[PDB]
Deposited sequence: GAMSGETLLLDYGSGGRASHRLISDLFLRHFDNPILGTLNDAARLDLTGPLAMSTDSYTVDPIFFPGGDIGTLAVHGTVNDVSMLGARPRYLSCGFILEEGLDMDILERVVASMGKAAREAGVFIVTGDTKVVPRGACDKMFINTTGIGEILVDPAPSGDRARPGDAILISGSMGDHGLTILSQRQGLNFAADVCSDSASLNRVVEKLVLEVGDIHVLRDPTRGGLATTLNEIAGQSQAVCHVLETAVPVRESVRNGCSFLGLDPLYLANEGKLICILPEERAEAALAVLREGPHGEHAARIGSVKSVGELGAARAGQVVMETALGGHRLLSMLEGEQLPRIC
């Protein structure tokens, strides 16, 4: 149903753009249909881009459209910014079921509305059969930075608490189990969700936020390694304090997966001084998936425990020992 014609730039192209994309994204900035969108924005801005390649396109709790909006809304938010405007670049396979496209577009429209964001400008490329697997989406986000200094990977400092906003491993498990035709529990679905509202309240009401990051590819373990490395410190984490749903733990062990390295799509790590930790945690409890928000550890200077060097992540194990959480070695198209 998606003919090559829709990517040629002619009459059918313009029809798809007006009748589908504009209809769902509905705003007068996009409606302009010019070579660029005109934006009125305040000053220090945050900009992020991500392409989305998730297989399958549809899964419990989300889809590629939901990922395309939430993930980019989230990345902009990690710099302590208020996301305002997104662009979307579709890459589509000739022959694609058109209802797949409309469902994905509908998901994006809905997600953007819920996040208080508009899709202001776009692109649509249709490639011949076989040139791509159904559909990829790139989204780029632009937002207004809310604080100075703003959160940054290099700002974790000794004595900081490390907070998590909810359960680990859910998204990664659900796509990997979907892809093998397995449903472990009703309990197991993607956590794809927008975190801009929790971040705004953290940054403006709690304050002094050092680091925000979303544990997507590589999971909690490789975002903690990134932060430890950028901040030249060591992250100490308590295994029992990292929330992982029983059903996720059980699904992960059945598939030989580690929930600490599986991509999440509706979660953040928040690092900040100890005296603000309790207030931040109170806020995280009210954010998406916040039933399971928790203090999971702390930041320490090199040689403080120790022997762990700058950039290392050490987990105190449930058995009373330790495990070094190093970066991976995999798990394709989980987002």
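Gaps between the deposited sequence and the modelled structure occur at positions 1-6, 336-337.
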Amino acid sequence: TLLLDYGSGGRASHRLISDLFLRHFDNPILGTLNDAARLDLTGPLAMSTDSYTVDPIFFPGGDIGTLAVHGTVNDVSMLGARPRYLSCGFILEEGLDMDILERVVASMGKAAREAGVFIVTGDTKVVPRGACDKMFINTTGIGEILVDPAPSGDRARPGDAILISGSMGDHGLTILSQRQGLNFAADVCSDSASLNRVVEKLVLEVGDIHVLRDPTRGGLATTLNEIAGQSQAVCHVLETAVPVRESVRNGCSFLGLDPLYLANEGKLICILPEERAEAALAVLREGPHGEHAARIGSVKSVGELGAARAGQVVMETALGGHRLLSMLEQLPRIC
From here on, numbers count along this sequence of modelled residues.
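When the two stretches 207-215 and 176-184 are set side by side, the higher mean Cα temperature factor goes to 176-184.
Compared with the other modelled residues of the chain, the Cα B-factor recorded for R323 ranks in the middle third.
Residue-level temperature factors show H292 in the lowest third of its chain, judged at the C-alpha atom.
Annotation for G43: CA B-factor lies in the highest third of the chain's modelled residues. The entry lists a Cα temperature factor for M315 that places it in the lowest third of the chain's modelled residues. In the deposited entry, the Cα temperature factor of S253 places it in the highest third of its chain's modelled residues.
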